[PDB]
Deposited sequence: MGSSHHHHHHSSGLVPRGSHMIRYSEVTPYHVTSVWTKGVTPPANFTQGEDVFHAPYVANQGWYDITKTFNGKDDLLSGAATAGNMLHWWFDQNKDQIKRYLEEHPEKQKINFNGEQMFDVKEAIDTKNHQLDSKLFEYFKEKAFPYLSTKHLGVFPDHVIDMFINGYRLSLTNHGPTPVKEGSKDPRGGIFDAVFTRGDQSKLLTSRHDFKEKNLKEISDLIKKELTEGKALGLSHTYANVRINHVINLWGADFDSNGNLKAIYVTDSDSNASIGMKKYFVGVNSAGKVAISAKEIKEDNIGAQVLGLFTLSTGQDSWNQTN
């Protein structure tokens, strides 16, 4: 059985490479593959790249609503810092298909999180910041506090609708996997995918790396056999990668470009991040 993210067409151009079974990127298929250039600023930003890919998918899901929102709130289109333009969401939308130079990831690596040293930020926080304006704290290692507060100057583009402090307007979640088994992990991923959310996955590598999880294959018992992902560290020429999923010799659910076995323990999965469309939350009349 297979389950794919809402609005994402399964690639049909998979081929076995030297290290991985992969499908070269093809634009407008619903999925995204932001790719790092390791320019000193995006080197450890897999969390932000994964968030960027989720937001690009989100731009597609809410294309018309965003257009209407910007017509209602023209001042929200651009982010200006003391007279200087930092970001234009229309440019981000216009270049969303670009792997290496999308304007959203440019903003993330250049203005929002440049070098963030030997730190990194997770997808949920970045999205909560970008959309609702929730302040992103480098010292917060838990979920975003759902409380009222001032807007993070780096975001809050859509906060006239997706407010801070209102649970009905929070579009993300994070789930810890560390002490979960194959069935629990498989069940959650399937549920999140089936419910129409975009997924981000963290795994050991700061011993941490985040990737986009676009689809998954389950066996007859409902247990994951494989996942399809895009990884910001991979060359732009790679695209969607198929990863095997299996419990390794250390008793951990792990993923790898090759079968999980004694000689290939792979990477332990650590957590999951989700983004819902918020498609029924845009009406200003409620």
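Within the chain's deposited sequence, the coordinate-free stretches run 1-32, 149-150, 240-242 in sequence order.
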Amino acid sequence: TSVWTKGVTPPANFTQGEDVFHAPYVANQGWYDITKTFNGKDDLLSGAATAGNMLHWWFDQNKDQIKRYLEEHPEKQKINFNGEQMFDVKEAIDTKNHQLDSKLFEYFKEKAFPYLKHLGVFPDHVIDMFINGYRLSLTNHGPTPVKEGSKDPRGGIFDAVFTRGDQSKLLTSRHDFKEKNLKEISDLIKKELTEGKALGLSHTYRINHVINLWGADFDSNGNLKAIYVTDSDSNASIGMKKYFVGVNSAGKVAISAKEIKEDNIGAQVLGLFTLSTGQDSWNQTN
From here on, numbers count along this sequence of modelled residues.
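Stretches 63-71 and 30-38 differ in mean C-alpha B factor, with the higher average recorded for 63-71. Once the C-alpha B-factors are averaged per stretch, 234-242 and 47-55 rank with 234-242 first. As recorded in the PDB entry, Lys117 shows the highest C-alpha B-factor of the residues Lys117, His125, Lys183, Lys90.
Of the candidates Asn80, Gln99, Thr95, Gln167, the PDB record gives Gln167 the highest C-alpha temperature factor.
In the PDB entry, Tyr25 places in the middle third of its chain by CA B-factor. Residue-level temperature factors show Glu106 in the lowest third of its chain, judged at the C-alpha atom. Among the modelled residues of the chain, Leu188 sits in the middle third by CA temperature factor in this PDB entry. Sorting the modelled residues of the chain by their CA temperature factor places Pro153 in the middle third. Compared with the other modelled residues of the chain, the Cα B-factor recorded for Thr139 ranks in the highest third.
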